[PDB]
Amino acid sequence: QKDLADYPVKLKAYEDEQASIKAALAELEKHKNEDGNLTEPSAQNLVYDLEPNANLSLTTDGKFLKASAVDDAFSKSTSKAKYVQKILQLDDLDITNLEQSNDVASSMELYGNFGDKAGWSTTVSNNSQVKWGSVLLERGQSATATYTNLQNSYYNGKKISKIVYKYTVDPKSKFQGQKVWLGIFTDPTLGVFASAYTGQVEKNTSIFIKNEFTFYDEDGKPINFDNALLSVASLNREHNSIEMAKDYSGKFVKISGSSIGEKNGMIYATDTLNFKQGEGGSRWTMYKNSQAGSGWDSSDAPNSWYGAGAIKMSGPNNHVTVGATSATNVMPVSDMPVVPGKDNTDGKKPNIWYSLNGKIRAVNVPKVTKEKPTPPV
């Protein structure tokens, strides 16, 4: 029991941080209504934002797609142009070329910018290497992803060894067609890419994916969260499209000054668009350009909180539905923001890229890193 010799420094590191966090919250209490601050000051006991080397395993009641089939689909149709430039434009992939019988594989196969495409870039993280498994699902069908051997994730300083996510295609999705391509990245924090895009934009459509997740400790036991913060970011809203989260467990917490809020049980840019500065009330342009504050929509943007919020969750099993839907499916045209020269009725691609991790976008959120050491017996 050399524990009694190490316990002294362990308890101090804990108590130090613990006290350091308490003081930080009391300090944030007067800045909670300032831009980028969580309206409800709170610490993040869930460290979950970096897992580039995690292992991925999938099962599905749908169909696995051969990696070669995914590669061919990328080289054809609407993604062809970008393909020739050595770019994997996921939001342009025509799902049509993944619906043939000869595309189905018996097991999971990874694809991405790494094989003979190590140099290539993708729309998920430019040149950084990225890998994903692919399935073809119909409404109600799903894929269950098991992420193992993580190395940077912790809950209350307790190491997270495994995460099991179940992705289900919401039957109420209105996209035309019966199929959806799901690309699940090996790095659980990158999330997934869901698409029913068959080459043409669609009106009054949507694509919603239900997300059920359980995090496990080093003993393989589900982790019973106690107000952990889940990041709901990149909730884009253009004049004709709204990305939102709904049907979720836990409580929504707003980030002061963010365009994201909660209305009628849905989390999205409730009162303005957030695509282009000056358009539809948007404060900043989502993509990087000449104007200050632009490019807010990235994981590292200092003002990414503009299109983000958070959910305080507890319990061993949690869930949230994320998707993109035509603005018309959410409210009457006469109640929408007006952008001269743009038709709020325009169809959109029924696809989406999203993730659910612990990288809360609010500013100065104190992190819990030290676990409370238990007195040796």
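For every residue, the number given is its place in the sequence shown, counted from 1.
| said: Going by the mean C-alpha B-factor recorded in the entry, which is higher: 302 to 310 or 75 to 83? | reply: Comparing 302 to 310 with 75 to 83, the higher average CA B-factor belongs to 75 to 83.
| query | Do the CA atoms of 319 to 327 or those of 38 to 46 have the higher mean B-factor in the entry? | reply | 38 to 46 has the higher mean C-alpha B-factor.
| query | Based on what the PDB entry reports, which of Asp343, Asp61, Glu27, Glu51 has the top C-alpha B-factor? | reply | Each of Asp343, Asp61, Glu27, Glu51 was compared by C-alpha B-factor; the highest is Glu27.
| request: Choose from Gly183, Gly112, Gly119, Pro188 the residue with the greatest Cα B-factor as stated in the PDB record. | output: Result of the comparison over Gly183, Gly112, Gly119, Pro188: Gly119.
| query | In terms of the chain's CA B-factor thirds, is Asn55 lowest, middle or highest? | reply | CA B-factor rank for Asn55: lowest third.
| said: Per the entry's values, where does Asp226 land by CA temperature factor relative to the rest of its chain, in the lowest, middle or highest third? | reply: For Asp226, whose C-alpha B-factor we compare with every modelled residue in the chain, the answer is the middle third.
| field | Entry-reported Cα temperature factor of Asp217, expressed as the chain third it lands in | value | As the PDB entry reports it, the C-alpha B-factor of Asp217 lands in the middle third of its chain.
| query | Which third of the chain holds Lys288 when residues are ordered by C-alpha B factor: lowest, middle or highest? | reply | Within its chain, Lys288 is a highest-third residue by C-alpha B-factor, going by the deposited values.
| message | Split into thirds by Cα B-factor across the chain's modelled residues, where does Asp297 land: lowest, middle or highest? | response | Its C-alpha B-factor, which the entry lists for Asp297, ranks in the middle third among residues of this chain.
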